[PDB]
């Protein structure tokens, strides 16, 4: 069993603390394959996607796609924050990620993906206001939430508030302006419009680029989902939940750090409005599972019952910390999403899980399985999830975007940094929780 990591000399970024961490788990885990996968995945982001300038800037690619997603980057380095206090170089690189994310938001708060400079790209021709610094401009609420989540954890972990300077002040102001604009209270259309000539229905918006209408009930419209697919009803519930928590984190930062009570109150006020609207528009009395959370709503009364593997998702609500795992409505939702009553839940001879319209029928995303484990309150459940991830890797030793429910050999995206980071994060979390014996019991 030889590692699939590039090579000491080919690795883009090296973190000694990270290296010490995998050494520990390797000698701690008794399953050769599991340890092998952890060594390949956990450091993947550092090994092949991190571009640190040694100063205050860090550019992070997603892997397969040569660009930087605010979402992917915010998650790709997330599990490293807990090691920053023991690695000065790592800590500086993390601050560089945050600094770059905030600069991206200020370039275009509606964009989901950015280029290192201004090389533009194939999507420059999209029917929307483009800029050479952008790789893609699909409006996704979670794009603005992930950076805040990272910066907050970073700050609380290291105590370093140097990342909350002028750039941050402008970015947070742009997040509020964009969130408010997308509540679409004044006009059903607005500043953001998007269409693209493609054969993929969810890569373009309906109604001349304005998307399906929404009734301004206080929720924030999201043109696209964290899966990069267009929403059916724009008030994406999982992303709105993520927005509430992110706004509250920013408010705490603006208060204790920048000491700007006015701007913080705006964050809090918006969070309260979105949270109240969620409580009366995002809940559905399902006849089989009881009260559950809808995936998307339009404010007119329509509610889409389903779930997509991409985080933020309904099942991942507790992972991001938007709801307690004990939330009764969440538990009911958890049962629903992992059943044949969810149009995107698939089950075959290779395993089961949630997929989405992005790849299509029978294609399950391991991300959904990992989130099931991350939010699990039962060791037996966690064990089956880990083993399933192990048996559906097609011997590549990496995490893929999706695989066929009847044949893992049929999979997409062999190099998905965000997914590998999540797997390393899961195993590390389990270990730090004293569940090593559980992992070591894997056949």
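Residue numbers count along the first chain shown, from 1.
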Entry-level comparison of average CA B-factors, 172-180 and 112-120, reporting the higher stretch: 112-120
Comparing 84-92 with 214-222, the one whose average Cα B-factor in the PDB entry is higher: 84-92
Highest recorded Cα temperature factor - choice among 310, 342, 165, 101: 165
Top Cα B factor in the deposited entry, candidates 193, 286, 200, 249: 286
Chain-relative CA temperature factor third for residue 71: lowest
For residue 40, the third of its chain into which the C-alpha B factor falls: middle
Cα B factor band for residue 31 (lowest, middle or highest third within the chain): highest
Residue 159 CA temperature factor, ranked by third within the chain: highest
Chain thirds of CA B-factor: placement of residue 352: middle
